[PDB]
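What follows is a pair of forms of the same protein chain, given separately as structure tokens and numbered structure 1 and structure 2.
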Structure 1
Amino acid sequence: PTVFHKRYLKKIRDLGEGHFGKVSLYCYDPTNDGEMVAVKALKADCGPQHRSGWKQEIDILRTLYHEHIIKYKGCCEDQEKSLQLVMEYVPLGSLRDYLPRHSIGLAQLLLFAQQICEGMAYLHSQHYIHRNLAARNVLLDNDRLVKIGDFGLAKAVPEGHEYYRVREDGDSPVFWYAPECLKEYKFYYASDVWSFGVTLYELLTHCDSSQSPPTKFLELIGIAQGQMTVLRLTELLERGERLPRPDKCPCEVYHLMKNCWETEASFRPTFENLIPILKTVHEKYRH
């Protein structure tokens, strides 16, 4: 029932450096005696009705619940032609910022991966694709539980269809994307698994920038971060080239990543399949 009024939100601090756009930590103290929340300011000068249509769409995300998916709390308009999106505050933040500055063993990294899969399996079973699964978008709470964030690309998959058709050739996170996404503009549940493979790669490199997928992929092609084309990447992937085995990364775990990187969407493992395979692997490496 909670509706959020701009007159009871006191700004504490910016969040995420700049990597999530303009997100800030607020205190919500209405009665003046208060909960902590993150607020995303969203430019929405697109005509009043288009703006409402986006609110309706965002609002539907609130009907999702899973402990490894961030909780979107509400979407208010500032009619200043912008939308204010209120969500739970996830205090340790992004794995991309967290993993470099903390000692985290193989068992714990595998535990993160199983949590992500569990949140993604739920999402898939609710008939949604995420389209933006990367380590930057996986947040960590205080008990080191994963919460998947940034649903700014998420989409309901239409009844009777096994893919969503991406329109628009815009800013794409291409280095996390399956070839069917890159070439044909089709996004399947199986395409989110490809992105998982890349996220798994990320964790096991400890989100080391120099081993990062854009860095690595540009090197395997040859040319620099500026001459880069989707076409050049697609061809490399078809020829069967892949991101390399990360340092100290077990061969069964790498094979996992490679299974997520099968060219043919249909032969990739499902999240629901990946959960137990990751439970089993984590058991070998715990304690």
Structure 2
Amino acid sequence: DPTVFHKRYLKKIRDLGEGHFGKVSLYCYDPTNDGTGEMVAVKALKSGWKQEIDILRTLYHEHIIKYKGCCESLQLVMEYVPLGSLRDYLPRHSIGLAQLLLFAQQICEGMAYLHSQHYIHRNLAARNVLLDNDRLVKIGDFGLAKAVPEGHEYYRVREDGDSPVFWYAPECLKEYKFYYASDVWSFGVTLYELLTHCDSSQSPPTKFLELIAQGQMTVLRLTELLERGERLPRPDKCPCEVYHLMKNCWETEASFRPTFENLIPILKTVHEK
């Protein structure tokens, strides 16, 4: 069973940084001891602590990080994605609008697929979207993901620790309800990060905090100002039509937002123009 990784064939190279609920590292996997082996990414895990594994095991698509197996405190083993996160990539290269849109498209494809499998992500930001060699998008960090039971539209969870509240729709900040439409909001914020080249001083927490204290006063204030209709600003050099898309992803009421399935055509259309 090539889903079962043996400690004895796993040799560490680099730390790769941190995901939600565990460190990630690059390992060589050399079961036949051939001196070359295979590069893999391993996340060290550990109620619902194994949910990341259970969810990702069941996902297969070109725009989601590929599950490889586990090592029996548990280790999750995934494809290594060499270029890393969009958040560290974009500030360090010049990238064309047409290509930022293409990255946007691919996030939507994967998110549409994820939604079709009845999962929500709840952690969609540029820091968690990774790039492979051909600059293909792979969505990552499934630490916060949940299954939405059949014929329900949301899931209720109060996170005990940190979560990307600056990426979260009002219904999530206020009532701890997470809809499919909530990931669409997050994707709107993510679309903003791409267009601001993930400049740190343009970043959502940067911009939101400008308009604003304590950890949870911040959240109540942020909720208040989203409900009043205030939003991140148009990125410099961002086309009008694209700003419209983001604005649509940030409708206050979740039923107004477009779906990822809706977004694919629209992004394809704007990708040429």
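Whichever C-alpha set is largest while still superposing within 1.5 Å between the two forms counts as the rigid core. Along the sequence of structure 1, residues get numbers from 1 upward.
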| property | result |
| --- | --- |
| Comparing forms between the two structures after core superposition, the one residue of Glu252, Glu67, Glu57, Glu235 displaced by 2 Å or more at CA | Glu57 |
| Core fit, then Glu168 C-alpha moves 2 Å or more between the two structures | yes |
| Exceeds or equals 2 Å, Cα of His19 between the two structures, core fit | yes |
| Cα displacement of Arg136 between the two structures, core-superposed (Å) | 0.2 |
| Rigid-core-superposed Cα shift at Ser103 between the two structures, Å | 1.3 |
